[PDB]
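Novice: For reference, the file run-v3.pdb (PDB, C-alpha atoms (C1' of nucleotides) and all ligand atoms) is included below:
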ATOM      1  CA  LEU J  53      10.377 -79.934   2.209  1.00  0.00           C
ATOM      2  CA  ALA J  54      12.442 -77.873  -0.237  1.00  0.00           C
ATOM      3  CA  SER J  55       9.391 -75.746  -1.046  1.00  0.00           C
ATOM      4  CA  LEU J  56       8.669 -75.055   2.629  1.00  0.00           C
ATOM      5  CA  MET J  57      12.196 -73.787   3.279  1.00  0.00           C
ATOM      6  CA  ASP J  58      12.249 -71.745   0.065  1.00  0.00           C
ATOM      7  CA  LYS J  59       9.093 -69.868   1.067  1.00  0.00           C
ATOM      8  CA  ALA J  60      10.452 -69.041   4.526  1.00  0.00           C
ATOM      9  CA  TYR J  61      13.629 -67.477   3.133  1.00  0.00           C
ATOM     10  CA  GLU J  62      11.637 -65.471   0.582  1.00  0.00           C
ATOM     11  CA  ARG J  63       9.520 -64.045   3.419  1.00  0.00           C
ATOM     12  CA  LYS J  64      12.579 -63.555   5.667  1.00  0.00           C
ATOM     13  CA  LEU J  65      11.085 -65.938   8.226  1.00  0.00           C
ATOM     14  CA  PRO J  66      13.063 -68.339  10.436  1.00  0.00           C
ATOM     15  CA  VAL J  67      13.290 -72.004   9.479  1.00  0.00           C
ATOM     16  CA  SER J  68      13.007 -74.774  12.048  1.00  0.00           C
ATOM     17  CA  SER J  69      15.937 -76.971  13.007  1.00  0.00           C
ATOM     18  CA  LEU J  70      13.600 -79.947  12.624  1.00  0.00           C
ATOM     19  CA  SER J  71      12.957 -78.887   9.023  1.00  0.00           C
ATOM     20  CA  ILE J  72      16.616 -78.985   7.985  1.00  0.00           C
ATOM     21  CA  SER J  73      16.948 -82.210   9.982  1.00  0.00           C
ATOM     22  CA  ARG J  74      14.208 -83.913   7.960  1.00  0.00           C
ATOM     23  CA  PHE J  75      15.901 -82.936   4.695  1.00  0.00           C
ATOM     24  CA  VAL J  76      19.279 -84.434   5.616  1.00  0.00           C
ATOM     25  CA  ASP J  77      17.622 -87.585   6.958  1.00  0.00           C
ATOM     26  CA  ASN J  78      15.683 -88.233   3.735  1.00  0.00           C
ATOM     27  CA  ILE J  79      18.621 -87.869   1.332  1.00  0.00           C
ATOM     28  CA  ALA J  80      18.329 -90.783  -1.094  1.00  0.00           C
ATOM     29  CA  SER J  81      20.808 -90.083  -3.914  1.00  0.00           C
ATOM     30  CA  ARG J  82      24.115 -88.464  -4.806  1.00  0.00           C
ATOM     31  CA  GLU J  83      22.220 -85.621  -6.483  1.00  0.00           C
ATOM     32  CA  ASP J  84      20.161 -84.982  -3.345  1.00  0.00           C
ATOM     33  CA  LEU J  85      23.378 -84.306  -1.426  1.00  0.00           C
ATOM     34  CA  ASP J  86      24.079 -81.330  -3.689  1.00  0.00           C
ATOM     35  CA  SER J  87      20.664 -79.840  -2.910  1.00  0.00           C
ATOM     36  CA  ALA J  88      21.080 -80.448   0.825  1.00  0.00           C
ATOM     37  CA  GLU J  89      24.464 -78.716   0.685  1.00  0.00           C
ATOM     38  CA  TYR J  90      22.705 -75.607  -0.631  1.00  0.00           C
ATOM     39  CA  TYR J  91      20.078 -75.742   2.119  1.00  0.00           C
ATOM     40  CA  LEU J  92      22.684 -76.273   4.833  1.00  0.00           C
ATOM     41  CA  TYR J  93      24.300 -73.115   3.464  1.00  0.00           C
ATOM     42  CA  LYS J  94      20.967 -71.286   3.645  1.00  0.00           C
ATOM     43  CA  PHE J  95      20.375 -72.470   7.214  1.00  0.00           C
ATOM     44  CA  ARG J  96      23.780 -71.174   8.307  1.00  0.00           C
ATOM     45  CA  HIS J  97      22.870 -67.730   6.924  1.00  0.00           C
ATOM     46  CA  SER J  98      19.505 -67.602   8.701  1.00  0.00           C
ATOM     47  CA  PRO J  99      18.303 -66.464  12.137  1.00  0.00           C
ATOM     48  CA  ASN J 100      18.287 -70.028  13.538  1.00  0.00           C
ATOM     49  CA  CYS J 101      21.809 -71.001  12.469  1.00  0.00           C
ATOM     50  CA  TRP J 102      22.798 -71.736  16.074  1.00  0.00           C
ATOM     51  CA  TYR J 103      20.127 -74.446  16.396  1.00  0.00           C
ATOM     52  CA  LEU J 104      21.645 -76.859  13.863  1.00  0.00           C
TER      53      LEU J 104
ATOM     54  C1'   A H   1      -4.847 -53.524   8.021  1.00  0.00           C
ATOM     55  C1'   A H   2      -2.883 -55.777  12.758  1.00  0.00           C
ATOM     56  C1'   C H   3      -1.547 -62.142  11.787  1.00  0.00           C
ATOM     57  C1'   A H   4       2.320 -65.768  11.192  1.00  0.00           C
ATOM     58  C1'   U H   5       7.093 -68.416  11.956  1.00  0.00           C
ATOM     59  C1'   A H   6      10.154 -70.052  15.846  1.00  0.00           C
ATOM     60  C1'   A H   7      12.000 -71.587  20.690  1.00  0.00           C
ATOM     61  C1'   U H   8      17.795 -77.255  24.676  1.00  0.00           C
ATOM     62  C1'   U H   9      22.304 -69.589  23.231  1.00  0.00           C
ATOM     63  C1'   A H  10      17.565 -67.067  21.230  1.00  0.00           C
ATOM     64  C1'   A H  11      15.041 -64.493  17.752  1.00  0.00           C
ATOM     65  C1'   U H  12      12.546 -63.336  12.991  1.00  0.00           C
ATOM     66  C1'   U H  13       8.391 -61.072  10.875  1.00  0.00           C
ATOM     67  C1'   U H  14       3.696 -58.103  11.089  1.00  0.00           C
ATOM     68  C1'   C H  15       3.196 -53.319  13.504  1.00  0.00           C
ATOM     69  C1'   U H  16      -0.595 -51.451   6.716  1.00  0.00           C
ATOM     70  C1'   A H  17      -3.189 -49.196   2.410  1.00  0.00           C
ATOM     71  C1'   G H  18      -6.076 -44.324   0.211  1.00  0.00           C
ATOM     72  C1'   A H  19      -7.863 -39.248   0.049  1.00  0.00           C
ATOM     73  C1'   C H  20      -5.323 -34.020   1.057  1.00  0.00           C
ATOM     74  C1'   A H  21      -9.333 -33.403  -4.089  1.00  0.00           C
ATOM     75  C1'   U H  22     -11.327 -28.244  -4.544  1.00  0.00           C
ATOM     76  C1'   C H  23     -14.425 -25.533  -1.968  1.00  0.00           C
ATOM     77  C1'   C H  24     -19.304 -22.986  -0.881  1.00  0.00           C
ATOM     78  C1'   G H  25     -17.990 -18.251   0.265  1.00  0.00           C
ATOM     79  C1'   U H  26     -15.295 -13.611   2.370  1.00  0.00           C
ATOM     80  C1'   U H  27     -12.421  -9.226   1.573  1.00  0.00           C
ATOM     81  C1'   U H  28      -9.579  -5.484  -1.366  1.00  0.00           C
ATOM     82  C1'   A H  29      -8.336  -3.147  -6.231  1.00  0.00           C
ATOM     83  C1'   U H  30     -10.069  -1.806 -11.093  1.00  0.00           C
ATOM     84  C1'   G H  31     -14.795   2.359 -12.333  1.00  0.00           C
ATOM     85  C1'   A H  32     -18.852   3.167 -18.035  1.00  0.00           C
ATOM     86  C1'   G H  33     -21.252   6.980 -16.020  1.00  0.00           C
ATOM     87  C1'   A H  34     -23.599   9.793 -12.282  1.00  0.00           C
ATOM     88  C1'   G H  35     -23.064  13.076  -7.966  1.00  0.00           C
ATOM     89  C1'   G H  36     -21.351  15.840  -3.228  1.00  0.00           C
ATOM     90  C1'   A H  37     -18.278  19.087  -0.357  1.00  0.00           C
ATOM     91  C1'   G H  38     -14.338  22.715  -0.362  1.00  0.00           C
ATOM     92  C1'   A H  39     -11.465  26.300  -2.430  1.00  0.00           C
ATOM     93  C1'   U H  40      -9.995  29.244  -6.287  1.00  0.00           C
ATOM     94  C1'   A H  41     -11.682  33.993  -6.726  1.00  0.00           C
ATOM     95  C1'   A H  42     -12.905  39.400 -10.937  1.00  0.00           C
ATOM     96  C1'   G H  43     -18.178  38.356 -12.181  1.00  0.00           C
ATOM     97  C1'   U H  44     -23.941  37.364 -13.143  1.00  0.00           C
ATOM     98  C1'   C H  45     -29.127  37.638 -11.183  1.00  0.00           C
ATOM     99  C1'   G H  46     -31.735  39.193  -7.275  1.00  0.00           C
ATOM    100  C1'   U H  47     -31.664  41.331  -1.806  1.00  0.00           C
ATOM    101  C1'   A H  48     -32.916  36.230   1.892  1.00  0.00           C
ATOM    102  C1'   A H  49     -30.612  37.280   7.060  1.00  0.00           C
ATOM    103  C1'   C H  50     -28.284  41.237  10.640  1.00  0.00           C
ATOM    104  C1'   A H  51     -32.399  47.601  12.830  1.00  0.00           C
ATOM    105  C1'   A H  52     -39.600  45.949  14.128  1.00  0.00           C
ATOM    106  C1'   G H  53     -33.718  44.512   7.995  1.00  0.00           C
ATOM    107  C1'   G H  54     -38.550  47.368   5.977  1.00  0.00           C
ATOM    108  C1'   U H  55     -43.784  40.689   5.792  1.00  0.00           C
ATOM    109  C1'   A H  56     -40.148  39.919  13.663  1.00  0.00           C
ATOM    110  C1'   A H  57     -36.798  35.739  13.360  1.00  0.00           C
ATOM    111  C1'   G H  58     -36.426  30.398  13.910  1.00  0.00           C
ATOM    112  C1'   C H  59     -37.959  24.736  14.724  1.00  0.00           C
ATOM    113  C1'   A H  60     -40.738  20.270  12.843  1.00  0.00           C
ATOM    114  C1'   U H  61     -43.418  19.038   8.522  1.00  0.00           C
ATOM    115  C1'   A H  62     -45.998  19.754   3.769  1.00  0.00           C
ATOM    116  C1'   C H  63     -46.403  22.053  -0.822  1.00  0.00           C
ATOM    117  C1'   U H  64     -44.337  25.591  -4.293  1.00  0.00           C
ATOM    118  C1'   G H  65     -40.613  28.447  -6.906  1.00  0.00           C
ATOM    119  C1'   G H  66     -34.130  30.968 -11.532  1.00  0.00           C
ATOM    120  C1'   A H  67     -31.934  31.606  -6.932  1.00  0.00           C
ATOM    121  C1'   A H  68     -31.605  33.100  -2.260  1.00  0.00           C
ATOM    122  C1'   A H  69     -36.680  31.570  -0.556  1.00  0.00           C
ATOM    123  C1'   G H  70     -42.562  31.841  -0.370  1.00  0.00           C
ATOM    124  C1'   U H  71     -46.964  29.890   2.026  1.00  0.00           C
ATOM    125  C1'   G H  72     -49.907  26.755   5.386  1.00  0.00           C
ATOM    126  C1'   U H  73     -50.443  23.992  10.490  1.00  0.00           C
ATOM    127  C1'   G H  74     -48.660  23.494  15.549  1.00  0.00           C
ATOM    128  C1'   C H  75     -44.497  24.984  18.643  1.00  0.00           C
ATOM    129  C1'   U H  76     -40.099  28.381  20.526  1.00  0.00           C
ATOM    130  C1'   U H  77     -38.206  33.625  22.234  1.00  0.00           C
ATOM    131  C1'   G H  78     -32.569  32.995  21.009  1.00  0.00           C
ATOM    132  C1'   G H  79     -38.296  39.653  19.143  1.00  0.00           C
ATOM    133  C1'   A H  80     -40.619  43.925  20.806  1.00  0.00           C
ATOM    134  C1'   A H  81     -44.594  46.282  23.347  1.00  0.00           C
ATOM    135  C1'   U H  82     -39.216  49.943  30.144  1.00  0.00           C
ATOM    136  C1'   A H  83     -44.286  49.321  31.676  1.00  0.00           C
ATOM    137  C1'   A H  84     -49.216  55.074  37.821  1.00  0.00           C
ATOM    138  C1'   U H  85     -53.947  57.108  36.253  1.00  0.00           C
ATOM    139  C1'   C H  86     -60.310  58.555  32.453  1.00  0.00           C
TER     140        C H  86
HETATM  141  K     K E 201     -38.022  36.834   5.621  1.00  0.00           K
HETATM  142  K     K E 202     -35.169  39.353  13.842  1.00  0.00           K
HETATM  143 MG    MG E 203     -34.499  41.600   3.342  1.00  0.00          MG
HETATM  144 MG    MG E 204     -39.632  43.413   1.134  1.00  0.00          MG
HETATM  145 MG    MG E 205     -38.040  40.034   7.114  1.00  0.00          MG
HETATM  146 MG    MG E 206     -39.096  24.804   7.717  1.00  0.00          MG
HETATM  147 MG    MG E 207     -46.650  30.294  -2.975  1.00  0.00          MG
HETATM  148 MG    MG E 208     -51.669  32.968  -1.027  1.00  0.00          MG
END
Please render this file's structure as structure tokens.
Ligand SMILES: [K+]
Ligand SMILES: [K+]
Ligand SMILES: [Mg+2]
Ligand SMILES: [Mg+2]
Ligand SMILES: [Mg+2]
Ligand SMILES: [Mg+2]
Ligand SMILES: [Mg+2]
Ligand SMILES: [Mg+2]
Specialist:
Amino acid sequence: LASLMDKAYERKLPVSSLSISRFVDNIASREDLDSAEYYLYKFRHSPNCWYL
RNA sequence: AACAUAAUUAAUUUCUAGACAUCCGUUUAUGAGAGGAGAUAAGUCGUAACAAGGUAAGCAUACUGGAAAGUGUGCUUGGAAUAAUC
């Protein structure tokens, strides 16, 4: 899922709300939280920030 | 070369990339040298034209000649024969 979101931001393409939802749901470790925090930041600064 | 993401406010992205390459040509200038016209203006050689200009003049064309010109063939009068009679 991380790869899918990374490609979209590189191409300046919108990311789905379902995509960020799947990431947060499948957090399995303390380290994963840190990565999700970065992607929540990226989602906020993206065209579909309102759809969180 | 023209799709793809996204969508419980709605929008993002694509909507391109080479080859502007020299032409075939066309004008004008330069002019080795070879000519033409015109004028300058005292000559030189003849005397061709103007008188029937001393071979009437001229046109076309051909040939010929220092030069004007000469000669042939056809044509012109822009020559003449001012004009009663064996
Ligand atoms: K003569
Ligand atoms: K004459
Ligand atoms: Mg004479
Ligand atoms: Mg004579
Ligand atoms: Mg004469
Ligand atoms: Mg003649
Ligand atoms: Mg002769
Ligand atoms: Mg003779």
Novice: Dump the neighbourhood of ligand MG 207 (chain E) as a list in words: all residues within 7 Å, distances computed on all atoms listed in the file.
Specialist: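 Based on all atoms listed in the file, ligand MG 207 (chain E) is surrounded within 7 Å by residues 64, 70 and 71 of chain H.
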Novice: Keeping only C-alpha atoms (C1' of nucleotides), write those residues as a PDB file, in the frame of the given file.
Specialist:
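Dumped to out06.pdb:
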ATOM      1  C1'   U H  64     -44.337  25.591  -4.293  1.00  0.00           C
ATOM      2  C1'   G H  70     -42.562  31.841  -0.370  1.00  0.00           C
ATOM      3  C1'   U H  71     -46.964  29.890   2.026  1.00  0.00           C
TER       4        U H  71
END
Novice: From the options H:55, H:61, H:47, H:9, which residue's atoms come nearest to ligand MG 203 (chain E), counting all atoms listed in the file?
Specialist: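 Smallest separation from ligand MG 203 (chain E) among the options: H:47.
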Novice: Assuming the chain letters and numbering stay as they are in my file, what does the PyMOL selection byres (((not hetatm)) within 8 of (chain E and resi 201)) actually select? List them as a ChimeraX atom specification.
Specialist: /H:48-49,55,57
Novice: Could you work out how far CA of residue 66 in chain J lies from CA of residue 94 in chain J, giving the answer in Å with one decimal?
Specialist: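 CA of residue 66 in chain J lies 10.8 Å from CA of residue 94 in chain J.
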Novice: May I ask you to write as a PDB file with C-alpha atoms (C1' of nucleotides), in the coordinates of the input all residues lying at most 12 Å from ligand MG 206 (chain E), with all atoms listed in the file counted?
Specialist:
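File produced: selection13.pdb:
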ATOM      1  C1'   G H  58     -36.426  30.398  13.910  1.00  0.00           C
ATOM      2  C1'   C H  59     -37.959  24.736  14.724  1.00  0.00           C
ATOM      3  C1'   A H  60     -40.738  20.270  12.843  1.00  0.00           C
ATOM      4  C1'   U H  61     -43.418  19.038   8.522  1.00  0.00           C
ATOM      5  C1'   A H  62     -45.998  19.754   3.769  1.00  0.00           C
ATOM      6  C1'   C H  63     -46.403  22.053  -0.822  1.00  0.00           C
ATOM      7  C1'   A H  69     -36.680  31.570  -0.556  1.00  0.00           C
ATOM      8  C1'   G H  70     -42.562  31.841  -0.370  1.00  0.00           C
ATOM      9  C1'   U H  71     -46.964  29.890   2.026  1.00  0.00           C
ATOM     10  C1'   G H  72     -49.907  26.755   5.386  1.00  0.00           C
ATOM     11  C1'   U H  73     -50.443  23.992  10.490  1.00  0.00           C
TER      12        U H  73
END
Novice: One decimal, in Å: what's the spacing between CA of residue 65 in chain J and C1' of residue 13 in chain H?
Specialist: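 Result for CA of residue 65 in chain J versus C1' of residue 13 in chain H: 6.2 Å, one decimal.
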Novice: My list of candidates is J:81, J:99, J:87, J:104. Which is closest to chain H when distances are computed with only C-alpha atoms (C1' of nucleotides)?
Specialist: J:99
Novice: For chain J, work out the contacting residues on chain H at 7 Å, counting all atoms listed in the file, and write them as a PyMOL selection string.
Specialist: chain H and resi 5-6+11-13
Novice: Counting all atoms listed in the file, which of H:29, H:84, H:23, H:50 gets nearest to ligand MG 203 (chain E)?
Specialist: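 Nearest to ligand MG 203 (chain E): H:50.
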Novice: What's the separation between CA of residue 93 in chain J and CA of residue 62 in chain J, in Å to one decimal place?
Specialist: 15.1 Å
Novice: Kindly provide, as a ChimeraX atom specification, the polymer residues lying within 12 Å of (-39.5, 33.8, 22.8), counting all atoms listed in the file and using the coordinates exactly as they appear in the file.
Specialist: /H:56-58,75-80
Novice: Run the PyMOL selection byres (((chain H and resi 43-45) around 10) and not hetatm) against the file shown and list the residues it catches, as number ranges by chain.
Specialist: H: 41-42, 46, 66-67
Novice: Neighbouring residues of residue 72 in chain J were defined as those with any atom within 10 Å, considering only C-alpha atoms (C1' of nucleotides); residues of the same chain fewer than 2 positions away were excluded. Please report them as a list in words.
Specialist: residues 53, 54, 57, 67, 68, 69, 70, 74, 75, 76, 77, 88, 91, 92, 94, 95 and 104 of chain J
Novice: Give me the result of the PyMOL selection byres (((chain H and resi 17) around 8) and not hetatm) on this file, residue by residue, as a PDB file with C-alpha atoms (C1' of nucleotides), keeping the file's coordinate frame.
Specialist:
ATOM      1  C1'   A H   1      -4.847 -53.524   8.021  1.00  0.00           C
ATOM      2  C1'   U H  16      -0.595 -51.451   6.716  1.00  0.00           C
ATOM      3  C1'   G H  18      -6.076 -44.324   0.211  1.00  0.00           C
TER       4        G H  18
END
